[PDB]
């Protein structure tokens, strides 16, 4: 099955966040940034909630020896986790995540403390390391069917203090890295030649992607390729900045404004406009898009808790409705922080992994409602049964 054929069956998505991407050196990294060892039962609960795909952020460079070889015991554990999903018919998007910045930062600056432009020696060295890693991953997973997708990077040059204002300059470098990932995977043949691969836009940012990373710059023609962006607007509601205290947003959507802490931008029309840009640039050209991460903070607040809860629901509804309508699959960012739900600061957690159950009910009702209201667009060249 090709990218269009799988895409229509992939929504909605969910992330195994703060799990296999944690930057620890051992298997114990899995429970370093969140408490719960992954099990089949937990994945079963993700499926039972209604998710059809799981993005598995994963670190690999941090799990490698000095010769670049990925620890065999780490590889085997990642495979077990992937298998929990495949056992359930869940689509998996397996990435190489921030991974201590080895390419996400140092592929684009020679310094982590200030912007220092990279040169050809840097770029070619990062290409080779990227291909090394992805050769190892691809070969381990070669006999996996179309349920397994690979995503080469995470959020290339997203680090604002280093890279803001350098997107035009850096996007050609990212194109080279995306191409190197695809080349390495495809070379391993077998199911890897037919697998759908996911390449990331500049800073996983919609505006920069549709500007600088037009479809003609992608490493393959349409068929077995998707494009990934992330979506965290407005940050004070979603949790990326100024997201607690007086600047925070608790209420989102006009129907949901209250006494204070109202969103002042980034509401439904903004979201729809942004997702439309992705339709124009990518999905209308046969490249399905994944919103590989999105979230809203579910909080406990002193003010109108019902209106906050409704805002969380409505945000998840809008993301998933509008994504579906535009040929986009959205993946909820979920780090298994149940405690934060019981504070003003909030949490984006939906699944209480320790109890294999949904705890973020507003968010999850919103996911379900949004997917039900959406209408996936089909881009076909032959008849399908439908």
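Residue numbers count along the first chain shown, from 1.
Once the C-alpha B-factors are averaged per stretch, 63 to 71 and 22 to 30 rank with 63 to 71 first.
When the two stretches 189 to 197 and 81 to 89 are set side by side, the higher mean Cα temperature factor goes to 189 to 197. In this structure the maximum Cα B-factor among 203, 280, 161, 207 is found at 161.
Reading the B-factor column for the CA atoms of 309, 114, 284, 221 in the entry, the top value corresponds to 114. When all modelled residues of the chain are sorted by CA temperature factor, residue 217 is found within the highest third.
The PDB entry assigns residue 268 a C-alpha temperature factor belonging to the highest third of its chain's modelled residues.
The PDB entry assigns residue 50 a C-alpha temperature factor belonging to the highest third of its chain's modelled residues. The entry lists a Cα temperature factor for residue 178 that places it in the lowest third of the chain's modelled residues. In this PDB entry, residue 57 carries a Cα temperature factor that places it within the lowest third of its chain's modelled residues.
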